[PDB]
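Read the single chain below, which is given as structure tokens and is the form deposited without this ligand.
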């Protein structure tokens, strides 16, 4: 019901985060192998990025799940681990031309060196763009990020360069992986589950959440627009805070 021009009339969240769920469920629905679902979810990243950039979004964070939901065979694990390189090989020149900055958060030590080297090159090749930030959360967990922040703070306290009385909320945010990013105003979760699943626990304290049953490989422009329309409608509610 919401057109793209309808959406552009209202407030565009500066930072949108999406939990990209449902790739496997989509493959099963389509009688396709699981790796076809993963490959397609990789392709929908490009279309979503383009639309968010065109709408003036400033940061798009995309979260991919790790292997921890359900153990998978080596063939599939290796396939997932090579997908970041295929994405960059296929789409990085367009990203460069669209003035996108590619960034990543999460445990980079979980990826193999060859893949890290390609990701780092893409980050460096786009770091002097000044347009939309495309922020991938890979092998990322909210609780371990919080613990890591606490441990780095404790190391500075141990070494004597930080006083405990100077640790407050604002300082703590600077020790998270998201330190150079404003908190997301909108979180979208596809595939029907109504859970956070250990994603940006600290940063989403005040975000609007929009849950959709649409599977991530089916999340086209019209569904993205409907999520924004819902975000916008909430800001218009009367009756007090």
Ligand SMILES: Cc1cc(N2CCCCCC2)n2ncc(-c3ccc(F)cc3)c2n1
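Positions refer to the first chain, counted from 1. Under this definition, the rigid core comprises the largest set of C-alpha atoms superposing within 1.5 Å between the forms.
Only in words, not in the display: the form deposited with this ligand bound, which the text now covers.
When this ligand is superposed onto this form from its pose in the deposited complex, none of its atoms comes within 2.4 Å of a backbone or C-beta atom, and the site is therefore classed as open. Screening 159-167, 125-133, 144-152, 77-85 for residues having heavy atoms within 4.5 Å of this ligand in the deposited complex returns a single hit, 77-85. Checking 214, 210, 42, 176 for any heavy atom within 4.5 Å of this ligand in the deposited complex turns up a single hit: 42.
Among heavy atoms of residue 199, none comes within 4.5 Å of this ligand in the deposited complex. Interface residue remark: residue 20 is counted as part of the site for this ligand in the deposited complex, having a heavy atom within 4.5 Å.
In the deposited complex, this ligand stays beyond 4.5 Å of every heavy atom belonging to residue 50. Contact check for residue 27: every heavy atom lies farther than 4.5 Å from this ligand in the deposited complex. When the two forms are overlaid on the rigid core, CA displacement between the shown form and the other one of 2 Å or more is confined, within 182, 66, 173, 197, to 66. In the deposited complex, the CA atoms of residue 37 and residue 67 move farther apart by at least 3 angstroms compared with the shown structure. Note on residue 213 and residue 70: their C-alpha atoms are more widely spaced in the deposited complex, a change of at least 3 Å from this conformation.
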